[PDB]
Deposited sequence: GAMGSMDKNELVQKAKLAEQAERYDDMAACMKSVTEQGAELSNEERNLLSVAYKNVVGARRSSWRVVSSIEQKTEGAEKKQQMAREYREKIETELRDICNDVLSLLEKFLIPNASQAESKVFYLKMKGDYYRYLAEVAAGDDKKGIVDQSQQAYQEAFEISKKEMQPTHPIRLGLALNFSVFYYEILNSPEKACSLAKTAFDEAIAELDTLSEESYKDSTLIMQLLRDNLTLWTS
C-alpha cells in the first residue's frame, strides 16, 4: 500500500493508543526499503517501544507470580505457561525489530544521528531479549547488546554533542544495561556520571532542547544516587 497512507494510519493508531497496529503500519513502511525521515523513525520506535514495553511489563508481573508459587506445582505451572506465552510474543517482536534494523534501518542510515539512534535501538532490543534469555543463548545475546551499544556510543562521542538527547538517552540505556544485565554497578556509574559531566561541561542550548537534555540528565542523576546507596 501507499507509504504515506500507512504513515497516516500509524499516527491515527498512535492517537488511539493502539501500538500493535501502529507498529504494523511502520514496519511495513520500513519494508518498502526507502530511508525513513526522522518523523517516521520516531513513529516506528514509539510504536515498538510500546508494543515490547507492554509485554516486558506483563512478563515481569507474571515471572514474579511464578517465583512466588514454588512449589505448588499446578499453580506454578499456570504462571509459567502464561509467562512463556508472553515471552513468546516478546521474542517475536524483538526478532522483528532486530531484523528491520539489520535489513533496512542500519543499512540505509545516511547520517550519524540516525546511525546512533538505530544502533542504540539494536542495543535496546538485544537487551530486552537478554532480560528473558534462556541460559544457553544468554551469553551471545548479551554480547550482541553490548557491542551494538558500544558501537553506537563511539559514533555518538565523535559525531554529536554531549547534550544531544539521542546521545544522552543512549548513555542512560547503556549504563542501565551494565547495571541490570551485566550486574556492574561500577561500569554503570562511571558511564552515567561520565555522560552527565560531559553534558554539564558543554552546557548554550535553547529553551526546548534545553529541557529534553535536562530531563534525560535528571534520569542519569537519579539512577546515580540510587546506585550509590
Note down, first to last, the deposited-sequence stretches for which the model contains no C-alpha atom. 1-5, 209
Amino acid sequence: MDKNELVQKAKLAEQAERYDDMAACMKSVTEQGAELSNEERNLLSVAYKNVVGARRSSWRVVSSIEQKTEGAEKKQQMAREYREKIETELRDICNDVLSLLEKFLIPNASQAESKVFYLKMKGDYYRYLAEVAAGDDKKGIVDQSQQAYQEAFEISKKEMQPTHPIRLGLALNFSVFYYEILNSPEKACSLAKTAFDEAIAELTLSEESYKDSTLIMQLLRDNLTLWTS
From here on, numbers count along this sequence of modelled residues.
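If you superpose the two forms and keep the largest set of C-alpha atoms that fall within 1.5 Å, you have the rigid core.
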Core-aligned Cα RMS comparison in 8 other deposited structures of this protein - stretch that moves more, 73-81 or 88-96: 73-81
Flanks modelled, residue 207 absent in at least a third of other entries: yes
Comparing 145-153 with 69-77, the higher average Cα temperature factor in the PDB entry belongs to 69-77
Read off the CA B-factors in the entry, average them over 107-115 and over 131-139, and name the higher stretch. 131-139
Out of 187, 27, 56, 49, which residue has the highest Cα temperature factor in the PDB record? 187
Chain third (lowest, middle, highest) by recorded CA B-factor, residue given as residue 40: lowest
Where does the C-alpha B-factor of residue 32 rank in its chain, lowest, middle or highest third? highest
If you rank every modelled residue in this chain by C-alpha B factor, which third holds residue 207: lowest, middle or highest? highest
Per the entry's values, where does residue 216 land by CA temperature factor relative to the rest of its chain, in the lowest, middle or highest third? middle
In terms of the CA temperature factor given in the entry, to which third of its chain does residue 124 belong: lowest, middle or highest? lowest
